[PDB]
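Novice: Structure below; questions to follow.
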Amino acid sequence: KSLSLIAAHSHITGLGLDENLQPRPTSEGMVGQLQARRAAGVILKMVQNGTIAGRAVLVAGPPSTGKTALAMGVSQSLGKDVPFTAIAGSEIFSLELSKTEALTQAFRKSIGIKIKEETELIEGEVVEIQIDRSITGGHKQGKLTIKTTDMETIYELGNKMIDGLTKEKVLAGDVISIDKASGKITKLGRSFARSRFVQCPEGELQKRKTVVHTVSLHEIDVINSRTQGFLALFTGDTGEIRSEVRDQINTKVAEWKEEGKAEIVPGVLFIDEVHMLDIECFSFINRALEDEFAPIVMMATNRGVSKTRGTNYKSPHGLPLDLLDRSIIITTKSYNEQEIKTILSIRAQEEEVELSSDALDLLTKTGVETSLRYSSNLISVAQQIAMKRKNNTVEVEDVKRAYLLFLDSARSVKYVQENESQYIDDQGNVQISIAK
Amino acid sequence: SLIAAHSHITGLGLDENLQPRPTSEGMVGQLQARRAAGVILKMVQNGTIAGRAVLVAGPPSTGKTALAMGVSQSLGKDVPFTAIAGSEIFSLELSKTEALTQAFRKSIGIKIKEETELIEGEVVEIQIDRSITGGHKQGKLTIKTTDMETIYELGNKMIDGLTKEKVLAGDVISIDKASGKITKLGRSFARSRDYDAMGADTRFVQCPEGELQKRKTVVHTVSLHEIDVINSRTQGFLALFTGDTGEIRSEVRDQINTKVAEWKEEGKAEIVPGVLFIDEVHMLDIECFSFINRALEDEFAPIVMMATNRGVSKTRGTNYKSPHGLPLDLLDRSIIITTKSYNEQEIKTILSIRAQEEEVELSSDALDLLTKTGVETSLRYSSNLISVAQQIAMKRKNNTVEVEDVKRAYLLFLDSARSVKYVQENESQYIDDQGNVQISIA
Amino acid sequence: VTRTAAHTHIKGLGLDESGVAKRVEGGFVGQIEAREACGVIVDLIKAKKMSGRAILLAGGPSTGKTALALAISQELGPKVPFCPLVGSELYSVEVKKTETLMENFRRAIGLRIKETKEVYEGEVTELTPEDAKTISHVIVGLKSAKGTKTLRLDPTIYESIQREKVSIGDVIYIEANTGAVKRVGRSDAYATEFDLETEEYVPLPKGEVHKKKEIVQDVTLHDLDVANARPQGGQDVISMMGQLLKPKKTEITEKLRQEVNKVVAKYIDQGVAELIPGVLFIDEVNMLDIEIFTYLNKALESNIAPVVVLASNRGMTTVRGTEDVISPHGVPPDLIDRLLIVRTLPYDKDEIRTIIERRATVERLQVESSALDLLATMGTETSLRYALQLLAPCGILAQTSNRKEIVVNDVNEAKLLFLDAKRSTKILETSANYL
Amino acid sequence: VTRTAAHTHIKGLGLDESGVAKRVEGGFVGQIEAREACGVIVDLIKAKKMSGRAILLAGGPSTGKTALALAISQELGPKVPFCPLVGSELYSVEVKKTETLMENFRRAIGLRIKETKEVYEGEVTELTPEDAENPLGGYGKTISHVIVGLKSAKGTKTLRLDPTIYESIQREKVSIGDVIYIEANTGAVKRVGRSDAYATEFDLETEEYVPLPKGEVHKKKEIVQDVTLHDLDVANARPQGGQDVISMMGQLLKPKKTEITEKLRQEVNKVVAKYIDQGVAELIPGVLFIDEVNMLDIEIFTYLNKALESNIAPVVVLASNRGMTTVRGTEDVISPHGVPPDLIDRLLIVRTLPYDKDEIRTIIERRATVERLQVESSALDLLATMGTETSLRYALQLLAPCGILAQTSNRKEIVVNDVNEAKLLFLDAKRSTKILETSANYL
Amino acid sequence: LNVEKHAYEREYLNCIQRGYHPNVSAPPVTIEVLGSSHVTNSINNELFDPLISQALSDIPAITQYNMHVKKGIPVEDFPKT
Ligand SMILES: Nc1ncnc2c1ncn2[C@@H]1O[C@H](COP(=O)(O)OP(=O)(O)O)[C@@H](O)[C@H]1O
Ligand SMILES: Nc1ncnc2c1ncn2[C@@H]1O[C@H](COP(=O)(O)OP(=O)(O)O)[C@@H](O)[C@H]1O
Ligand SMILES: Nc1ncnc2c1ncn2[C@@H]1O[C@H](COP(=O)(O)OP(=O)(O)O)[C@@H](O)[C@H]1O
Ligand SMILES: Nc1ncnc2c1ncn2[C@@H]1O[C@H](COP(=O)(O)OP(=O)(O)O)[C@@H](O)[C@H]1O
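Quick note, the sequences are listed as chains U, W, T, V and Q, same order.
Counted the way the authors' numbering counts, the first sequence spans residues 15 to 209, 220 to 460.
Using the authors' numbering, read the second sequence as starting at 18 and increasing by one per residue.
Counted the way the authors' numbering counts, the third sequence spans residues 21 to 152, 161 to 463.
Using the authors' numbering, read the fourth sequence as starting at 21 and increasing by one per residue.
Using the authors' numbering, read the fifth sequence as starting at 1191 and increasing by one per residue.
Have a look at this one:
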């Protein structure tokens, strides 16, 4: 389940918080940033309460300060069965959808409906199957013996059950699941009988089982529109769904909640790099947040006073002031030496790399000096240099060798700036020849 | 047929030591460029190296396209020569890189060896069995020569080729098995009881004698791009003619490369690379140049010839100026053939050759005045004047162009310098760049 | 249970019978003149006599323009069509922007049809076709828990019955007017014919076989336009898998529109349909190109144009698509002649305090008096929206300390945790690299 | 004999067992530290544990960056998927650039599955259909069942088919006397050809004649297949392979790139993880190579910043020859190598160095010995001085005209005079620019 | 007006070999509704529409003989193939 090699945020299992929403210094893979974690815990409580809608928050700070780490912590603390959509700023610039339509689809993907239904099921291990044919074979008679670990029974079959058993061959000793009302029979496997391999089911054979469904508003939006089927949820060409089906879906969902047949589960939409949206997207986002079925929007940006896209002026955070008026802003700060070394030790534990104390100190020094991501990339590349000399622990010499082999930002700018005759400039001039 | 601009050039005019003759094969002058083009021609004919870019540069009306046509005519048959312009890359349904990939793959030919069987003889009896609707078709054919007579079995396509191009008993047909083609050669029986339904006057041919079934080995050249278009989808053979081949995936190209290498490894097919010619290559985006720089490094890459008549000008897609309008990365991996302007004797020989091709009997002094007006003005103007002078000359009903008809044609039709001289003193009559004009004459 | 999103304390304009507005009534505080002008416009809409009337309401940000348009929508009632819109939505990659404007115009004119639902439901007891081969009629006997009832049927409904594979003993649903046939399932009394079968068993309906109900259908002109202009063809009732070709939005010809108008007028003349004109509301009108602004001039001169309401917060701003045209509110001077402008005023301290108290009441929160004074001072110092957004984290921080009433300390912690735009810009200015 | 184009003298990085590069090994000359860093990257890729690791190959023109990427691909072997790409490929007219980038990301991850196939095969002996009692009833088809009798070497089976398999059998145009191949996973039918048990000289359809298949009729065989994740996504988004009318009509439509949703990717990942948990499939992560990375827009870089943080991402290798250059799509952002500072933090830069005169001389030596040419020593010294004076590449591709001019004089030796003639006939960028400046009308 | 067939038989296109086949082939995504036979009926009707699946292939010849001669059904009443 959920195959993954190692992620860059794989150590974050949530927000480290107490029962009084106080952040521990080291919990759940998150260290430091006490005020930002407290604010994100308040936002998490806002989402889990579910009584308010359409509030936008902004996580702003310098680069490499843990904004995406905060978003991943909120997403892991939400758990399953709550919608979480994560998009980038450049994702909505489509050739087949308008920008407002893509933003609308991303908005309605983040709110879901919890529907609870029950179905009656058959589960057991097949003992013996008899199919009988007549002289002409016009009618078919049958008997099926099926057992669990507690009972055993024999059923008399009709024509459509016999046809459904002949199709998708079922032999003796197979564990199968039968849905009577739909006629779908699945082979769970084979029982443990030497004389795939699953165990024989226990308890009753006729079980009424309850399955809790959660379906987003965008799925019912696609299915209710007749212009395409449910295969557009996978192929991805929905093609500018009309508004009137969305008002029908809104009214139907409202009366479903009134009757008690459904519950509304709002979620979080996360927009990473929100400064790359046009001003039309910002103006749509301003008026899309006052709807009753609107999620809580999280935006993350790292710019200063920069040019807003599609305009000719400059704005704080790259966003216009009317969008910033409806936002509450969480500010992240830079890290210390101890926080950097704790981050590097946690990244060592997740990458299964054993480090010396001196190697950790050198990594902390070069991480304070250059970048946190540079040391977090150097630590995994030092282990291969250590393993080429056939030893397990990563020492100082491996870190110095990796620091010599792989450059960083400021050093690369420094070697470029006194060798610029060999590189292609903004004017397209270069010197390739060695002499003259 | 009809007369084109470079209709007098069929070849390059080179000796066995790759040294050009002064006037041979429709080409006169330009010895260094002709020698370099002959070297590139032998480089193509060896077929041992791939992905080499050649740039031809010089002033306008010098013979760059003449050199490209000479290379194409000296290339010979069954060697692909794709000639495109720089403006055809930009398309509404294809990306620029995809169009450049297709133009690259058009210039690589695959020569496939096939083994066929030929059957010729008189038809004795045709039996055709069909369904009630008409879908399922089968039948037997009894063909016969002088010595042998066998009975064959027929399929759907063979019955379709038999029904259209109507065959009766007594007709002589020729069948090719691997191509599925039926040709009727004539009739021999001369049946008496003819139902008068058609006006057939079929030829009387003789009885074919000897072996009924003969084997032969045939060779045909297909392009690589045709194989991708055929293998791309279900009805790609229609897309070969309608041009509806939208962005063929990379997996198709990988599998086609693997199967082409497998066919080469057995002896069924061999690879014949060709020449891709890009005229006005400066009319290209910088993304096209960045794609060309890395598409020249592949195994299946033709030799690319480019022509430019541009100096240090702006490179498209950028805001700086570069030599020949090309970035320095593309100019790094190119060898450059330069072309120089002409003399008076070369211009006289060009005009005499173009008069010989267009069948115009020019006088001596008419040729001297055409050379004079072709050395003051450009060469193409004096080349264009010859047909007009001829058409003026047939109005007086004499089949010899004098200097009077040439003077009349020079009076009637203008040059560029006379046009800018007339425009620049009457700027109120013509529409200004600011859109102002004077229409009233008072 | 109950959700709240930036509104829903706004219930109406809060006017008396004379058209005058009270101070605090209907969720609105302040702004008497704009509310009275909007009530006059609501009366004009209810008159149902004029077409192509354009109103612009202008003012600063967070002054109450969208609340006024929402109050218009609540005062008109659910019967009148109301089509809210943002100006950025008129740009699409499928059709031109003028066609999208035409569709949004025609979405604001509605119709009311009075129809009758007639339903036969029960267990099939008799199914006897007969030849007149072509069957002339079939006799179906239906059974419920309150008796049985037999029906003659046309052969088309028998064809639809043969589509659904209906046998004796199935519970079916027949609609008399449309002719739709739905198979609910086999009846519960026939459930022990086999021990195991692929058929679902449903009980008998406990009501009568015959059911009669009067309903009202509300459609718009745009629904008829898109129903009459399917390019691929008429879709069936149920298509779970998609159409083989993707149907794309097209440029609907005005000949189709005039045919739809002719048919609708013919049905109106017979007393079947009722015409309900409505309101088209375009928020952020300054985001329109000048070509849409030119097309609005001809679109306002049609005979079936609705009442159009536009909003803007810009000042003397260049019109989009132009470079040397400066016009008030971002609206070009050719179009600004055709509207009537309603001005909207900023608020005072006491109005801000009353708005904050109302928002705390609707969100089911208790606040202290000193917390209310601090929140009012913060609202006057930063913005009105900041205190409204900061009200709910104050409630959460009061909840985590096991209390039910917000005090000054929770407001101080919420002010510490979350910033406004001014303090964020102050941090942005005095920073080294990118905040 | 063979065909050579600008490469294929490079057979790998040419390192030792400890990671130390030799001076001349694998066709490489010099660039020792770059080759050692690339060997460390090769070991990291072969470890099969890391996701979203990005390196950047930064240097001047003609310093060997594409050669190093080719050596990476040759050292990893053909089992690991390698996806070469230029920066201009991502601008497609059918779909957005973000989807093309994610498609190449999923195309760079491989898979190896051992698949069991249920197979019926044999020579068709009897083909007899049975009819329906009311074929014009509107619902239900014309026939009910088709009896097919197949025989093999030591075996004969009679099968009763539903109509749906028979429609594929009829579409394959089978008859009595043909060897067929029915696979039961998707219902696909392959018609092999006529059986050899009858006469083979009385046809006109150029068909080949196969004998009977060995073994029984009903088999279960194991097949090892190598697929990528993009193949699974493409097969699920445009479904062909079933016997339903959606699948048969999916083959006849013109193919077009669509925006594959994230839901399909998560479901494909879940199915692949369930396959791996059963011991059936194994995961082979690979390398995506993007050349001329400065041709990308700011939006593609901003999407790369998020695409590298996924948990299934491959190892990405970039290359650029740019100094302080404005990023495309921006007007004021000046950044090293044309790559924005948000991406440089997630990168490890490998720097390539220019060459020396002796390195130019020996590189010309290997390029001459690969093209099957022999040169003199003085001509080699002239070529090395020429490569230092103008460019390495201009000295590299002057070899073939020299060889042609040597061949046309009936010699198998490249001498100084042939190199002088190649200078006289072909120019370089500097001499062409010098002609262009001192020109009348852009000569 | 017959350029395409002449280009077909000029280059021997009925004896060439196939070079590409897809890597993965899949049926459409199954939709499951627990406890409803109507969904199964509608899905089976959409996937295996008898008009459309009958239109994409033929009828056996002896079956056509049983229609036309032994049952008196005319050719114009055939489901078209
Ligand atoms: N407080 C923290 N606790 C644990 N890991 C952190 C913290 N802050 C940053 N990191 C790690 O640092 C790396 C880079 O930080 P990131 O969140 O990408 O920066 P940005 O906020 O600019 O996106 C990530 O892998 C993240 O896991
Ligand atoms: N050496 C030559 N031999 C024959 N014709 C020539 C020669 N040089 C020029 N021409 C004629 O002069 C014209 C040159 O134009 P063209 O080659 O198309 O453009 P450019 O010379 O700018 O490359 C051609 O029409 C060609 O017929
Ligand atoms: N007079 C008022 N009484 C109560 N609430 C108001 C009033 N005016 C504005 N508001 C509130 O202010 C918030 C923002 O106002 P809004 O309608 O967005 O103004 P604008 O559209 O001009 O920005 C809304 O949630 C609304 O409830
Ligand atoms: N170390 C080397 N050994 C041998 N040949 C090399 C070496 N480095 C570069 N070359 C050759 O020089 C040329 C450089 O091309 P390429 O690497 O594509 O350009 P760049 O260096 O700009 O990436 C290639 O033809 C390559 O064969």
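Even for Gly, the Cβ is constructed at its ideal location relative to N, Cα and C.
1) Can you look up U:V418 in the DSSP assignment and give me helix, strand or coil?
2) Which two residues bound the contiguous beta strand (DSSP E) that contains T:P361?
3) At a threshold of 7 Å, does W:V45 count as lining ligand 6 (C-beta to nearest heavy atom)?
4) Looking at the unbroken beta strand (DSSP E) that takes in residue 465 of chain V, where does it start and where does it end?
5) Whole angstroms is fine: what's the gap from V:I202's alpha carbon to Q:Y1210's?
6) Just by C-beta distance, which residues in the region 251-269 of chain U are closer than 7 Å to chain W?
7) Are there any heavy atoms of ligand 3 lying less than 7 Å away from the beta-carbon of T:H27, as far as the coordinates show?
8) Relative to the C-alpha of V:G169, which candidate in V:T184, V:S195, V:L328 and V:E287 has its C-alpha closest?
9) Counting only beta-carbon separations shorter than 8 Å, does V:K161 have a partner in chain U?
10) Leaving aside the five residues before and after T:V436 along the sequence, list all residues of the same chain whose C-beta is less than 8 Å from its C-beta, in chain order.
11) When you measure from the CB of V:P104 to every non-hydrogen atom of ligand 4, does any distance come out below 7 Å?
12) Verify the contact flag: V:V49, CB atom, against every heavy atom of ligand 4, threshold strictly below 7 Å.
13) Apart from the five residues just before and just after U:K161, which ones in its own chain have a Cβ nearer than 7 Å to its Cβ?
14) For T:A460, which option in U:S358, U:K424, U:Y439 and U:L428 has the closest C-alpha, if you only look at C-alpha atoms?
15) Beta-carbon within less than 6 Å of T:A152's beta-carbon, same chain only, minus the 5 sequence neighbours each way: which residues are those?
16) Identify the continuous beta strand (DSSP E) that holds W:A50 and give its terminal residues.
17) Are the CB atoms of V:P374 and V:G80 nearer to each other than 8 Å?
18) At which residues does the beta strand (DSSP E) containing V:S215 begin and terminate?
19) For T:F125, report the span of its alpha helix (DSSP H) as first-last.
20) From the DSSP output, which residues share a beta bridge with T:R371?
21) Quick one: is V:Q394 buried, meaning 16 or more other Cβ sit within 10 Å of its Cβ, or exposed?
22) Please check if any C-beta of chain W sits within less than 8 Å of the C-beta of V:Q417.
23) From this set, T:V106, T:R127 and T:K116, which residue's C-alpha is nearest T:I304's C-alpha?
24) Going by alpha carbons, who is nearest to V:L252 out of V:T278, V:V288 and V:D378?
25) Under 9 Å Cβ-Cβ, which residues of chain Q neighbour W:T150?
26) Please name the residue, chosen from T:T184, T:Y218 and T:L121, that lies closest to T:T145 on a Cα-to-Cα basis.
27) Inspect the beta-carbon positions of V:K277 and V:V390 and report whether they are closer than 8 Å.
Specialist: With the structure as the only source:
1) Along the first sequence, read from residue 1 onward, the residue named residue 418 of chain U stands at position 394. Note: U:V418 maps to strand in three-state DSSP.
2) Numbered from 1 along the third sequence, position 333 holds the residue referred to as residue 361 of chain T. Counting along the chain, T:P361 falls outside any beta strand (DSSP E), though it belongs to the alpha helix (DSSP H) covering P361 to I364.
3) Ligand 6 is absent from the structure shown, which contains only ligand 1, ligand 2, ligand 3 and ligand 4.
4) Chain V is shown from 21 up to 463; residue 465 of chain V falls before or after that span and cannot be answered.
5) Here residue 202 of chain V refers to the residue found at position 182 of the fourth sequence. Here residue 1210 of chain Q refers to the residue found at position 20 of the fifth sequence. Taking the Cα positions, V:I202 is about 20 Å away from Q:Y1210.
6) none
7) What you label residue 27 of chain T is simply residue 7 of the third sequence in a count that begins at 1. Yes, ligand 3 has a heavy atom inside 7 Å of this Cβ.
8) As a position in the fourth sequence, residue 169 of chain V is number 149, starting the count at 1. Checked all of V:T184, V:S195, V:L328 and V:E287; the closest Cα to V:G169 is V:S195.
9) Locating residue 161 of chain V in the fourth sequence gives position 141, where the first residue counts as 1. With 8 Å as the cut-off, V:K161 does not count as an interface residue toward chain U.
10) The residue you call residue 436 of chain T lines up with position 408 of the third sequence. Within the same chain, T:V436 has close Cβ partners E396, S398, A399 and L402.
11) Counting from one through the fourth sequence, the residue named residue 104 of chain V turns up at place 84. No; taking the cut-off as 7 Å, the Cβ of V:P104 has no heavy atom of ligand 4 nearer than that.
12) For this step, residue 49 of chain V is matched to residue 29 along the fourth sequence. Yes, ligand 4 has a heavy atom inside 7 Å of this Cβ.
13) Position 147 of the first sequence, counted from the start, is the residue given in the question as residue 161 of chain U. If we look at U:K161 and ignore the five residues flanking it on each side, its Cβ neighbours are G138, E139 and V141.
14) Against the third sequence, residue 460 of chain T aligns to sequence position 432. Checking every option, the nearest Cα to that of T:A460 belongs to U:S358.
15) Indexing the third sequence from 1 puts residue 152 of chain T at position 132. No residues qualify anywhere along the chain.
16) The residue given as residue 50 of chain W occupies position 33 in the second sequence. From DSSP, W:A50 is part of no beta strand (DSSP E) but of the alpha helix (DSSP H) over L48 to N63.
17) As a working note, residue 374 of chain V is residue 354 in the fourth sequence. As a working note, residue 80 of chain V is residue 60 in the fourth sequence. Their beta carbons are under 8 Å apart, which means V:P374 touches V:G80 by this criterion.
18) Numbered from its first residue, the fourth sequence carries residue 215 of chain V at position 195. Per DSSP, V:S215 belongs to the beta strand (DSSP E) from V209 to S215.
19) Working through the third sequence from its first residue, we reach residue 125 of chain T at position 105. Where T:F125 is concerned, the enclosing alpha helix (DSSP H) stretches over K117 to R126.
20) Position 343 of the third sequence, counting from 1, holds the residue named residue 371 of chain T. Answer is T:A78.
21) Position 374 of the fourth sequence, counted from the first residue, corresponds to residue 394 of chain V. Exposed: under 16 other Cβ atoms inside 10 Å.
22) Taking the first residue of the fourth sequence as position 1, residue 417 of chain V is located at position 397. Yes, its Cβ sits closer than 8 Å to a Cβ of chain W.
23) Residue 304 of chain T sits at position 276 when you count from the first residue of the third sequence. Of the listed residues, the one whose Cα sits closest to T:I304 is T:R127.
24) Residue 252 of chain V sits at position 232 when you count from the first residue of the fourth sequence. Cα-wise, what sits closest to V:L252 is V:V288.
25) Numbered from its first residue, the second sequence carries residue 150 of chain W at position 133. The contacting residues are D1248, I1249, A1251, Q1254, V1265, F1268, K1270 and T1271.
26) In the third sequence, the residue the question calls residue 145 of chain T occupies position 125. In this structure, T:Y218 is the residue among T:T184, T:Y218 and T:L121 with its C-alpha nearest to the C-alpha of T:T145.
27) Looking up residue 277 of chain V in the fourth sequence gives position 257. Looking up residue 390 of chain V in the fourth sequence gives position 370. No; because the gap between Cβ atoms is not below 8 Å, this pair is not in contact.
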